[PDB]
């Protein structure tokens, strides 16, 4: 597949266009900052004069209410939570946007699961960074970037994909590599990844590892160094040199232990569970369940955050990180 880099993409398609960034959270702050640094014309649109509005002011923007931002926008980017996008659309975008403005997403959930039906005369496209928001900004500030997918749902203009690629360049992603995908592929692979590995799987693997050692009477600080802190060091090797480069760096003891236990921990049953997860994403069932959970108040989310924040792994970790990270 073509991997696009800076040299493959022009910013010209989105120059002299007003880009309204709707929201100023994890992705929103990063896009708005990186696009402004890249010399594009950004306005921040917000529903509330609260925390993110204050943050935008502190970063040197003059935020607008959504309705006012969209009225002047040539490109509108939905960087509020997925579960909020429908109501934002209906209340502050649909009737306020310029006719023919581009509608742009960072995840394909709302378009792919037919939550929002866009106007037929708007380009509709996506840039989905394969990264958490704060690292979309950090990478960019450090002169790098993160990979992204681009995708097009409607190409009225004849240059939707070029626009998508230009925004990806503007937020740094073409420093790393951008691949063309579809709204279906992106939504299904993004949901799957964060569910089974990037959030779900790694967090539960960490917590189960750490808690096994602490339950068995080992020093919790040892546990944290072994099952949390070292993970970053190992994953850095994978990131640079693959699983092969990581495995060559670790002891033969660890190679034998890992190769045999890994397959014991992550066995055919876990593989079957990944296929079930993927199925429930592809059928729309996950999206149905998420919508219902949000409409209940997201208690699963809030309950987990409160229990986690005060749990042993996090209190021992905060203490140790403060000690480790004092610096020179």
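Numbering follows the first chain given and starts at 1.
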Task: Higher-B stretch (mean Cα B-factor, as the entry records it), 91-99 or 210-218 - done: 91-99
Open item on the list: Please compare 174-182 with 113-121 and name the stretch with the higher mean C-alpha B-factor in the deposited structure.
Closed with: 113-121
TODO: Return the residue from 68, 37, 293, 285 that has the highest Cα B-factor in the entry.
DONE: 68
Open item on the list: Using only the C-alpha B-factors in the record, can you name which of 193, 81, 257, 144 has the highest?
Closed with: 144
Task: Chain-wide C-alpha B factor ranking for residue 31, given as lowest, middle or highest third - done: lowest
Task: Relative C-alpha B-factor of residue 317, binned into the chain's lowest, middle or highest third - done: middle
Task: Ranked against its chain, the third holding the CA B-factor of residue 159 - done: highest
TODO: Looking at the entry's B-factor column for C-alpha atoms only, identify whether residue 22 ranks in the lowest, middle or highest third of its chain.
DONE: lowest
Task: CA B-factor ranking of residue 72, expressed as a third of its chain - done: highest
